[PDB]
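1. Once you've seen the sequence and the experimental structure below, I've got questions.
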Amino acid sequence: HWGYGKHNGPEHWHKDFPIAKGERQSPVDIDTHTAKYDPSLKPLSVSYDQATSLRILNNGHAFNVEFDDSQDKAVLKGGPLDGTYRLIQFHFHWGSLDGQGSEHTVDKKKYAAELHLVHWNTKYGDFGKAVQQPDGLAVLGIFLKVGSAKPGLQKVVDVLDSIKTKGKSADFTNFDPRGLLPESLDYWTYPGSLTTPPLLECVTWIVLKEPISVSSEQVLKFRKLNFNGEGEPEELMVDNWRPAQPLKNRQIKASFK
Ligand SMILES: CC(=O)OC[C@H]1O[C@H](S(=O)(=O)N2CCC(OS(N)(=O)=O)CC2)[C@H](O)[C@H](O)[C@H]1O
Ligand SMILES: [Zn+2]
């Protein structure tokens, strides 16, 4: 099925998933000069102190850090949202080179990686139902640039050799995702989609203005992961990003001047 290679990558996805050419696909380029400041946009409310991480999984396209979402433990509200959204997992997209890796771009500029914290709207009861709704998900996107290390990321980096290949998982309890956040919660927001198949148009994107910096060693270790399963020929997990998609009718709003 689908992947990030020349024969199964983003240019191929529309054959299995026609919505790939839809009207609200993600990611997009964020043209900062055309995004309009909205003084009515509320501050984001990120309540992560009761977050309960469980497990980290190599699913063959990225690694997911999963949380207990059976209860309102770690939630996203406010900002452009009018509901409560539970954190279910986070993951990254990254490049083979420091100059590429992010899915969203800012004035056509690419970051080395992008963090997605994935939340679903509790009025729909579970994640499976939520992705079938236009307002089912809220994804907090955070850019990574290469520079100084991010201490709050190191526990993630540390465990990656225990989940080198597709289908491997490891215990990952007591991880605090607050350690992955930049100082500012200033953001851009627009309506979009999952950036991987099935590419459902169910996401309110909230992309933070301020990137976090990670060390070259930290992203280096991301790139030692494998797309393949154990015992299969090694394919390095790199360049697992979808490129920017046409903005079409949409307007990106900024929480800040
Ligand atoms: C339809 C549905 O129930 O979930 C959508 C898909 O995605 C999640 S995921 O936990 O791996 N993950 C969720 C959303 C992530 O999208 S992201 N890149 O835009 O915000 C990527 C994959 C799972 O992989 C599911 O197997 C897969 O079906
Ligand atoms: Zn993602």
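-> Great, that's in hand. Numbering: from 1, shown residues only. Ligands and ions are numbered 1, 2, ... in the order given.
2. Name the residues of the stretch 151-257 of the chain found near ligand 1, please.
-> Neighbours of ligand 1 within the stretch 151-257 of the chain, by CB under 6 Å from any ligand atom: 194, 195, 196, 198. No exception for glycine: its C-beta is placed from N, CA and C like everyone else's.
3. now with 5 Å?
-> 194, 195, 196 (CB under 5 Å from any ligand atom).
4. OK, contacts around the first one?
-> It refers to residue 194. Residues near residue 194 by CB atoms under 8 Å, 6 or more residues apart in numbering: 26, 131, 137, 200, 202, 203.
5. ok, back up a step: make a markdown table from the residues of the stretch 151-257 of the chain next to ligand 1 and add secondary structure to it.
-> As requested, those are exported to a markdown table (DSSP: H, G, I helix; E, B strand; the rest coil):
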| residue | secondary structure |
| --- | --- |
| 194 | coil |
| 195 | coil |
| 196 | coil |
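6. Reformat those residues as CSV; add distance to residue 104.
-> Below are those laid out as CSV (distance: CB to CB, whole Å):
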residue, distance to residue 104
194, 14
195, 9
196, 14
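7. which of those residues lies closest to residue 31?
-> Ranked by distance to residue 31 (CB to CB), those are led by residue 195 at 18.4 Å.
8. Leaving out chain neighbours, which residue sits closest to that closest one?
-> Nearest non-adjacent residue to residue 195, counting by CB to CB, 6 or more residues apart in numbering: residue 242, 4.7 Å away.
9. Same check on residue 228?
-> Per CB to CB, 6+ apart, closest to residue 228 is residue 235, 4.9 Å.
10. what's the one you found in contact with, if anything?
-> Residue 235 sits next to 5, 226, 227, 228 when contact means CB under 8 Å, 6+ apart.
11. Which members of those are positioned in strands?
-> In strands, defined here by DSSP state E, there are no members of the contacts of residue 235.
12. circling back to that earlier point, of the residues of the stretch 151-257 of the chain next to ligand 1, closest to residue 16?
-> residue 196 (11.9 Å).
13. count of residues packed around the nearest residue to the closest one once chain neighbours are set aside?
-> Computed as CB to CB, 6+ apart, the closest residue to residue 196 that is not its neighbour in sequence is residue 61, at 6.4 Å. Using other CB atoms under 10 Å, residue 61 has 17 other residues around it.
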